[PDB]
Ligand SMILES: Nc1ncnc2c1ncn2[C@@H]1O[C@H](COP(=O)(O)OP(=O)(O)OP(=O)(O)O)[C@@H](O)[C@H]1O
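Quick setup: one chain, the form solved without the named molecule, written in structure tokens, and binding and motion questions come after.
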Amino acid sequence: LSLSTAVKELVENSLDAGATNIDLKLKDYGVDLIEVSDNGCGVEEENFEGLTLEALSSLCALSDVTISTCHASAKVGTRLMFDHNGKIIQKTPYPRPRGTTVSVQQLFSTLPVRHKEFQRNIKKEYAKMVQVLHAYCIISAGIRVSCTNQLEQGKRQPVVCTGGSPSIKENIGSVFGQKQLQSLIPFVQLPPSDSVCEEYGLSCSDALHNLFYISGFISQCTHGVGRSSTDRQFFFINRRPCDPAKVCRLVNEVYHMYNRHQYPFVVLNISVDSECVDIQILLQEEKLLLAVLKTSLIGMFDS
């Protein structure tokens, strides 16, 4: 029942549509409006009702939901207003490009307690949403992801925007500026060392079936170069944003082994077999993953 959850589900809904453009429009930090527009495949007319049988149903139950959409097979798009039961109040033709735009109006208005806790704690929830959106922007190469905000009677201001660049590094540049990029080194994967294998109780036979492909960027261990907090640490598994506790703790700990007083900027993707993942996300041979991680981090930060 958080802002970042609804935003994330709408974003992944746009991604599953194959959208190359994803725009977020917020009014009063999302308390007033949370809108997502994408050029995805749109929704066929056949599955209009079936959309509220998932994010859409709960969003209808908790807010005022409007959806415009246009499928490639459709001659004209459609505009739909929903009541709180997910039942379509209005279905009118609506000319628009291929894709889908979902509008969430006055979130939590049907529960005044949750709405008020939302308004009073707007800064924290807003910041969490910011972190999630940063993760998706960083990991979504080839896609244009943008976000703007409007407060009260003020004019709209842009929050973030990527240019559909093909590389994660350029996305990081677009999100945080190239000044952030100057202090970053790219992750370089290494086989696990014998000493780290000893530490984690692993033989070479265990390390043989290494199927973890780690990538990303991390702050240099040089004094002062790192960050003062963990405000810019992003982890993914199969390009999906997540927060692995042991992996994060090992990352920050190994960084402290060289830069005691600072935390690193982190962007780290773990490519692994999806069968080896389960639900906190469980990873088969996670000790091997931590061994490769520690060995590689040591190899990079070592002069």
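Position 1 is the first residue in the sequence shown; the rest follow in order.
Only in words, not in the display: the form deposited with the named molecule bound, which the text now covers.
- Under a 4.5 angstroms non-hydrogen atom cutoff, the named molecule in the bound PDB entry lacks residue 28 among its neighbouring residues.
- Looking at residue 100, you'd find a heavy atom of it within 4.5 angstroms of the named molecule in the bound PDB entry.
- Contact annotation for residue 295: none of its heavy atoms lies within 4.5 Å of the named molecule in the bound PDB entry.
- Contact check for residue 54: a non-hydrogen atom falls within 4.5 Å of the named molecule in the bound PDB entry.
- Distance criterion of 4.5 Å from any heavy atom to the named molecule in the bound PDB entry singles out 43 from the list 43, 250, 272, 62.
- Remark: of stretches 34-42, 263-271, 250-258, 231-239, the one touching the named molecule in the bound PDB entry is 34-42 (heavy atom within 4.5 Å).
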